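Chains as they are written, first to last, in PDB author numbering: chain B1, 34 to 507; chain b, 34 to 507; chain B, 34 to 507. Just so it is clear, CB atoms sit at the ideal spot from N, CA and C, and this is done for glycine as well. Below is one structure; the comments refer to it alone.
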Amino acid sequence: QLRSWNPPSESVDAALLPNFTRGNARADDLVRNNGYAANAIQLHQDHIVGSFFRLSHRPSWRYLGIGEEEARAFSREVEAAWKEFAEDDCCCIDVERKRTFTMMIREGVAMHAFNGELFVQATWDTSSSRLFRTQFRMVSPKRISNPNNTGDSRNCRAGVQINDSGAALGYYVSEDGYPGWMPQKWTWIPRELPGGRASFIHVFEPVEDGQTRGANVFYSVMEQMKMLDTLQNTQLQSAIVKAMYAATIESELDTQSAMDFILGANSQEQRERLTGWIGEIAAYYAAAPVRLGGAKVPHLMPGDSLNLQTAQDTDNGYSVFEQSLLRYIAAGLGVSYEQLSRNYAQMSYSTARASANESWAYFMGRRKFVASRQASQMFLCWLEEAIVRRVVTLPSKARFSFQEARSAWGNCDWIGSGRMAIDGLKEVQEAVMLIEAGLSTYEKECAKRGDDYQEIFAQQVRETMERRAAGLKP
Amino acid sequence: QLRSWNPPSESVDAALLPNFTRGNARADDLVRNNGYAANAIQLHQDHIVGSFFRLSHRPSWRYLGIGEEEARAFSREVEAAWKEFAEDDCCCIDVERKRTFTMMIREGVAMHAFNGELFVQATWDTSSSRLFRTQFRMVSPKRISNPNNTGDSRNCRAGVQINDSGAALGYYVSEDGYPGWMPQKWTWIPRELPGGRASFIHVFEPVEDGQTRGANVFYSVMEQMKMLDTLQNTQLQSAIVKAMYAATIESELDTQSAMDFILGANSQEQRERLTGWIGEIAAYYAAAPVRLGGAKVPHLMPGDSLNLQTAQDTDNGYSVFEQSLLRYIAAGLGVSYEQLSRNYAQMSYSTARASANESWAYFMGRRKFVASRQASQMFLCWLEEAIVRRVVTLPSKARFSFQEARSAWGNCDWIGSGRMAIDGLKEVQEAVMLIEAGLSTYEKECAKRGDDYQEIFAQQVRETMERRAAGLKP
Amino acid sequence: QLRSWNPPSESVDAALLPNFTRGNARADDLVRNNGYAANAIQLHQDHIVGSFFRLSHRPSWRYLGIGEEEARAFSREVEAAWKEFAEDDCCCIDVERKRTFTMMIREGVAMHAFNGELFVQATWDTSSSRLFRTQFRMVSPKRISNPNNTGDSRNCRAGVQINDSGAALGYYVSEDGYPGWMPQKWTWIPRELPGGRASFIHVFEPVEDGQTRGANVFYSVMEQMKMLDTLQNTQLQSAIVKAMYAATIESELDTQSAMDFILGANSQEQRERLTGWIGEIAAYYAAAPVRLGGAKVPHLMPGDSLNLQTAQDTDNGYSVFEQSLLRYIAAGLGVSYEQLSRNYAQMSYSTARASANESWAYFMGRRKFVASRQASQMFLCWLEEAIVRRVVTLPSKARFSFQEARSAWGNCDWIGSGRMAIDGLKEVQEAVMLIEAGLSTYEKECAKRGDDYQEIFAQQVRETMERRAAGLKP
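Set out below in structure tokens:
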């Protein structure tokens, strides 16, 4: 058997680019139509980012030789500025003016998930109505292609120009083609501005050297969705056919050799026998109406009997079949089976904890490697704009300017939705005993709950002096 | 039985090299298509390294005769340089500039898993835009081959040149072959620089003396995945055929001897008989429409009846068989069955702990012997560059220079994702009891949680004095 | 019954050497291709050795008449040299330069497990680039054979030379034969150097006097693996045949005596009947397309009907039988059932503890008798080299020199991966209550967790004084 399977060895791009468009189209159709795909991308959406995505700017004061309190004040100021800028009601951060930063990150992670990559473009608006003119717009991967759909080359593959080392020098972006009555035009976009500002951002997860376009996960499960749908239809037809009923009022006659003799007689000149017998039968059963139910039983020719028979007649094993499938697809997306299919039968407590822990580990990995990088990119661009306009002031004794040490100034970490608590008491006991036994400190317990210790402490102070001001027990 | 099985004995390379390429190709196919393979590589990814891979420098001050506090200060400085060098947003550590250090480790371990080995190249960039010019590019094993695909030799096997003892003197790396319109060209790369700096790093696990190329893990389970999918399609085919249904209106006639007489008559001159009977039947059943369901019953020849007899008529034993194959796969891949297949039924707490413990024992070994070595190689190269540029200053009373005692200065250990807590309470009790009872030290508890005690203590001090400065109970 | 089986009585060597090569080849094939064999090798690797194999030097100061504090200082110094020598990044301890000490022992133990023995060669390098010129290289057993493949003699057997008492005087090592285009050349290697230094080390477990080559464990269970594989293939075949559908269109005709008359007529001159009937049937069914599904139902000759009668029609008992063979393999392989097969179903708690305990006892036995001996040999060689170069210093008042009392100076014990917890609380309570109740001392609970009380105490001191210096509660 194994001797019949000899797949050739090609580089990842060689095995991806020729069918890249068809794979993306198949993934888009599958997510649009199939319910489980929508569910899975929804879990990805609600878990990688959560309800909100909060910045925390931790500048490297030690590297920059900056007083730690000065760094803290600077981080507080930039955090306030970013907070007021990001959640603006006008959606001015988006060129399209219909999304805010949270669903910015959401769209980014979702489109990376179902397409393998994400592309963002930072534009410099000219309108002075806002203090910040930096806006962001996403580009669907399908809009990135070679101009005029020309064949790819060594340095031009799938619309992205590469150097000798494979680094992306720029991209070819195609305009939208709707309605399909106009040719698409391709525009060249450099990857980054001459001043080092990130004009265009491409984020994806590569698996090997030289890969230029990400591959969506759905590549490993499409056929499984297909056998799932075929199984659903087959189960439907089985239910139909096992509710099928046939009843005929047949007559035997057709006396073998005398049947042949009657055939000869009727063919020669004696169709009158058949016609008269048919008429008599029709008259009798028009007098009869022999109705099995609400309908009348059809009548058959003499010697003609309905013969319907079926295949083997055991149980089809549908339940275990689709259990095994749903498990296969759940492994394909790496999410827990009991949440993708939301089947929770006979599930224990510790076992549910293990499932959630595995999914959560995967999810934290993706959040760290996908959402965090992209968000850091927007934050760096925005903070560069802010320093340009002196909205936030750098420390006077800065060892390096911002341009020289963009990473040092922009060192930031992002906190999404915290860990959802399976039982409540167990996790709070973890938190309290960890904080009292010295193995943990406030920032992380606020971290796996989505909060931060700064505002928590300030709010505890406010609650305290309000309560003592009102005479309540502190 | 055993008399029909006489496999010959050869060296590992002799039994691996001739098929090596195709094996890798086959492995790739799995991780491209089969869901379980992708899932398995994914858990390898999240468990060997996890979300992040922190460094901790532990110089051997005793061997170097250096004051321990001086060693600690030096370690703090080198760590400060290293973290800002590693997670840079620009991805300047990558030659191609799309990957940071953590996903570099992840790609390395994944490539080692699905190919048996991994290759890294350290390049000396000429751009002064960064304080560090040392960059790293990963090389896929498929690009390592004999030049011009020449015949294998003793000292040139699969692209790596060996000495008399077999030590890797250098390698032959092929350029990218995409698109397939140009001849590949091979470059000779020495294993290490003349100054002892590691120019090229090859990391793999050898099972015997003289092995030159690693073997991917899948080599022992491939046909098992093949029988698994074939099981999937055959079960689907069973499902389709179990809903199979045929209904015929069959007329007997054909009275054997009278059938032969009618055959003789029709052959001679009486072909009108069957034509007339067919016409009469068609007329009647066009008056009739006998519709069992949405269709019309096909009509058969006189004496012709469909018999759809089948094979064995029992249950196929699907569930147990697929469970057996999944167990085989998990055993072959070194992971527990219930996490690979995410089948978590009737899963007891203690038994789940035992299985997770087995997988963890697997993962720590593979992390120590694969990721740790490679990361230490990059760290040594970067540290050499940093000392060259005097970014970090060696102790004045150093017993040996950096070149003489590279291992002593660069003695480092890496902490990945900590152990995942199945229950929470129980392991936390373990940690607190071990700390209070004196058989354990803070670093290892922070290690199984993926933290370090230094910044933990610093943050605890900061939290304490902030809370006291704010009137809160410390 | 029993009279049909009368095996002869020959010595172990006489019953092993004639088929030694074929047995080794069969074992290699099993480990390379079968998943369970690779799994079992992997757990042997992890449990016998673990992530790291740490030395502990315990010189017999009482025998040598040395002050105990002097012995402790000497052991500290030799350990200080030893770790920095062992885990060197350059792999300089290995001649072939890819294995450090830990995976050296790992390769040794797996090598012994799957081949019955292991061979190490200690070489004296001439390069001065390293302080220590002692290197080690493994020798595959297949490279140990009689020169020119000559038949074994009274004193020369399987490449080894024995004295009158059977003691191994030396060995015949064959060079590498890959590619198969050169003639193999055998080298004579004395077992030990004239000065008593162990030039060549052969480690294996003998079961009786005169056994010169070890026997792999796999030699007990091959045909069970083969019946297991055949069970998989036959179960797949059963699944295939259980989903097989047969249906056809056929008539009866063949009127016995008239059938013979028609046969005679067709043979003589009346094939026109058959041809005309075939044509008419083909025309009618080309007008018909009576299709079961997407396929055309085939047609048969008159009097011919498909009859696929089959064998027994009950359950095959696949599950219980597979459990039986898997338990057989585990019993023959020395591990328990639920880790080789990762069959953790319905598994209670205490009984799992008992199973793990017995497997752990097996594993401790092999670690003591296999890994420990080889590690002690290599450590003794390195210690001799270090004393030669005065890297360490012997006590001045030493009763005997190093050469006279190699065992006394080199008395050492190795700690591998410690016992791995199942519940957490229980074993920690064990340790604490043993320590406080006076029945245990810190080093051994450090051992079952894979630590040493010395550095544990030092690190606890450091933690305490750091926490006190930081104002934290000690």
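Open item on the list: Just to make sure I have the definition right: I need the residues of chain b whose C-beta is within less than 9 Å of the C-beta of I234 (chain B1). Which are they?
Closed with: As a position in the first sequence, residue 234 (chain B1) is number 201, starting the count at 1. None at all; the shortest Cβ gap to chain b is about 10 Å.
Open item on the list: Pull the bridge partners of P322 (chain B) from the DSSP assignment, please.
Closed with: In the third sequence, the residue the question calls residue 322 (chain B) occupies position 289. According to DSSP, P322 (chain B) bridges with nothing at all.
TODO: Rounded to whole angstroms, what's the CA-CA distance from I295 (chain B1) to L339 (chain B1)? Just pull it up for me.
DONE: Along the first sequence, one-based indexing puts residue 295 (chain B1) at 262. Along the first sequence, one-based indexing puts residue 339 (chain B1) at 306. Those two C-alpha atoms are separated by around 22 Å.
Task: Contacts of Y475 (chain B) in chain b (Cβ-Cβ under 9 Å) - done: Numbered from 1 along the third sequence, position 442 holds the residue referred to as residue 475 (chain B). Those within 9 Å of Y475 (chain B) in chain b are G471, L472.
TODO: Establish whether the CB of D446 (chain B) and some CB of chain b are separated by less than 8 Å.
DONE: Counting from one through the third sequence, the residue named residue 446 (chain B) turns up at place 413. Chain b, which has no Cβ nearer than 8 Å to the Cβ of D446 (chain B), makes this no.
TODO: Find out if the Cβ-Cβ distance for the pair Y211 (chain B1), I177 (chain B1) is shorter than 8 Å.
DONE: Within the first sequence, numbered from 1, the residue matching residue 211 (chain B1) stands at position 178. Within the first sequence, numbered from 1, the residue matching residue 177 (chain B1) stands at position 144. Contact: no.
Task: Residue from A272 (chain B1), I234 (chain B1), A104 (chain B1) with nearest C-alpha to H145 (chain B1) - done: Position 112 of the first sequence, counting from 1, holds the residue named residue 145 (chain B1). Nearest of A272 (chain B1), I234 (chain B1), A104 (chain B1) to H145 (chain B1), Cα basis: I234 (chain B1).
Task: Inter-residue Cα distance where the pair is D337 (chain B1) and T281 (chain b) - done: Position 304 of the first sequence, counted from the start, is the residue given in the question as residue 337 (chain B1). Position 248 of the second sequence, counted from the start, is the residue given in the question as residue 281 (chain b). When rounded, the distance between both Cα atoms is 10 Å.
Open item on the list: Counting only C-beta atoms, is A298 (chain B1) closer than 8 Å to chain b at any point?
Closed with: Here residue 298 (chain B1) corresponds to residue number 265 of the first sequence, with the count starting at 1. For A298 (chain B1), the answer is no, since every Cβ of chain b falls outside 8 Å of its Cβ.
Task: Where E241 (chain b) meets chain B, residues with beta-carbon distance less than 8 Å - done: In the second sequence, residue 241 (chain b) corresponds to position 208, counting from 1. Simply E140, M144, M171, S173.
Open item on the list: At the level of alpha carbons, what is the spacing between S405 (chain b) and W415 (chain b)?
Closed with: For the purposes of this step, residue 405 (chain b) is taken as the residue at position 372 of the second sequence. For the purposes of this step, residue 415 (chain b) is taken as the residue at position 382 of the second sequence. The straight-line gap from Cα to Cα measures roughly 15 Å.
- [ ] Leaving out five residues on either side along the sequence, give the residues of the same chain with a beta carbon under 8 Å from the beta carbon of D485 (chain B1).
- [x] Along the first sequence, one-based indexing puts residue 485 (chain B1) at 452. Answer for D485 (chain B1): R87, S89, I448, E476, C479, listed in chain order.
Task: 4-residue-minimum alpha helix (DSSP H) runs that sit fully inside the region 441-478 of chain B1, ordered along the chain - done: 458-470
Task: Touching by the beta-carbon criterion (3+ pairs, under 8 Å), the region 353-372 of chain b and the region 381-392 of chain b - done: yes
Task: Buried or exposed by the 16-neighbour rule on C-beta atoms within 10 Å, applied to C123 (chain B1) - done: For the purposes of this step, residue 123 (chain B1) is taken as the residue at position 90 of the first sequence. When all chains shown are included, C123 (chain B1) counts as exposed.
Open item on the list: Three or more C-beta pairs under 8 Å: does that hold for the region 350-365 of chain b against the region 68-83 of chain B?
Closed with: yes
TODO: Pick helix, strand or coil for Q34 (chain b), following the three-state DSSP scheme.
DONE: Taking the second sequence and counting its residues from 1, the one referred to as residue 34 (chain b) is at position 1. The answer is coil: DSSP assigns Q34 (chain b) none of H, G, I, E or B.
TODO: Specify, as a first and last residue, the run of the beta strand (DSSP E) that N340 (chain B1) falls within.
DONE: To locate residue 340 (chain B1), count along the first sequence from 1; it is residue 307. Counting along the chain, the beta strand (DSSP E) containing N340 (chain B1) begins and ends at 337-343.
Task: Selection of the region 210-226 of chain B by Cβ proximity to chain b, strictly under 8 Å - done: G210, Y211, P212, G213, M215
TODO: Pull up the CB-CB distance for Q462 (chain b) and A231 (chain b), whole angstroms please, since I reckon it's below 8 Å.
DONE: If you number the second sequence from 1, residue 462 (chain b) lands on position 429. If you number the second sequence from 1, residue 231 (chain b) lands on position 198. Actually they do not touch by this definition, with Cβ atoms about 44 Å apart.
- [ ] List in chain order: all unbroken beta strand (DSSP E) runs of 3+ residues lying wholly within the region 215-298 of chain b.
- [x] As far as the region 215-298 of chain b is concerned, its whole beta strand (DSSP E) runs of at least 3 residues are 219-223, 233-237, 278-284.
Open item on the list: To the nearest angstrom, how far is the alpha carbon of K259 (chain b) from that of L35 (chain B1)?
Closed with: What you label residue 259 (chain b) is simply residue 226 of the second sequence in a count that begins at 1. What you label residue 35 (chain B1) is simply residue 2 of the first sequence in a count that begins at 1. Rounded to the nearest angstrom, the two C-alpha atoms are 8 Å apart.
Task: Candidates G203 (chain B), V82 (chain B), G199 (chain B), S42 (chain B), of which the one nearest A143 (chain B) by Cα - done: Along the third sequence, one-based indexing puts residue 143 (chain B) at 110. When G203 (chain B), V82 (chain B), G199 (chain B), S42 (chain B) are compared, the shortest CA-CA separation from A143 (chain B) is found for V82 (chain B).
Open item on the list: Quick check: the Cα distance between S392 (chain b) and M498 (chain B1), rounded to an integer number of angstroms?
Closed with: Here the question's residue 392 (chain b) lines up with position 359 in the second sequence. Here the question's residue 498 (chain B1) lines up with position 465 in the first sequence. Approximately 52 Å between the Cα atoms of the pair.
TODO: Would you kindly check if the distance between the Cβ of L264 (chain b) and the Cβ of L269 (chain B) is under 8 Å?
DONE: Reading the third sequence from its first residue, position 236 is the one you call residue 269 (chain B). Reading the second sequence from its first residue, position 231 is the one you call residue 264 (chain b). In contact: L269 (chain B) and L264 (chain b) (Cβ atoms closer than 8 Å).
Open item on the list: Among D46 (chain b), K116 (chain b), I222 (chain b), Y96 (chain b), whose alpha-carbon lies nearest the alpha-carbon of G149 (chain b)?
Closed with: Translated into the one-based positions of the second sequence, residue 149 (chain b) becomes position 116. Looking only at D46 (chain b), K116 (chain b), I222 (chain b), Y96 (chain b), the smallest Cα-Cα distance to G149 (chain b) is reached by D46 (chain b).
- [ ] Determine whether the Cβ of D122 (chain b) lies closer than 8 Å to any Cβ atom of chain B1.
- [x] Within the second sequence, numbered from 1, the residue matching residue 122 (chain b) stands at position 89. Interface residue, yes.
Task: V64 (chain b), buried or exposed, once every other Cβ within 10 Å from all chains shown has been counted against 16 - done: As a first step, residue 64 (chain b) must be located in the second sequence, where it is residue number 31. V64 (chain b) comes out buried.
TODO: To the nearest angstrom, report how far apart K401 (chain B) and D242 (chain B) are at their CA atoms.
DONE: Looking up residue 401 (chain B) in the third sequence gives position 368. Looking up residue 242 (chain B) in the third sequence gives position 209. Going by the C-alpha atoms only, they are around 21 Å apart.
TODO: Would you kindly report the start and end of the unbroken beta strand (DSSP E) that includes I195 (chain b)?
DONE: Looking up residue 195 (chain b) in the second sequence gives position 162. Residues 193-195.
Task: Short CB-CB distance (under 8 Å) between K401 (chain B) and chain b - done: Translated into positions along the third sequence, residue 401 (chain B) becomes position 368. Chain b contact via Cβ: absent.
- [ ] Can you pull the chain b residues whose beta carbon is under 9 Å from the beta carbon of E391 (chain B1), in chain order?
- [x] The count along the first sequence starts at 1 and reaches residue 391 (chain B1) at position 358. Correct list: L76, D79, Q372, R375, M453.
TODO: Out of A200 (chain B1), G398 (chain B1), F165 (chain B1), point me to the one whose CA is closest to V128 (chain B1)'s CA.
DONE: Here residue 128 (chain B1) refers to the residue found at position 95 when the first sequence is read from its first residue. Residue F165 (chain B1) is the option with its Cα nearest to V128 (chain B1).
Task: Which of helix, strand or coil DSSP assigns to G210 (chain b) - done: Residue numbering aside, residue 210 (chain b) sits at position 177 when the second sequence is read from its first letter. Correct three-state label for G210 (chain b): coil.
TODO: Along the alpha helix (DSSP H) that carries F134 (chain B1), what are the first and last residues, could you check?
DONE: Taking the first residue of the first sequence as position 1, residue 134 (chain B1) is located at position 101. Start and end: 134-148.
- [ ] Quick one: grab the DSSP three-state call for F152 (chain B1).
- [x] The sequence position of residue 152 (chain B1) within the first sequence is 119, counting from 1. Taken through DSSP and simplified to helix, strand or coil, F152 (chain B1) comes out as strand.
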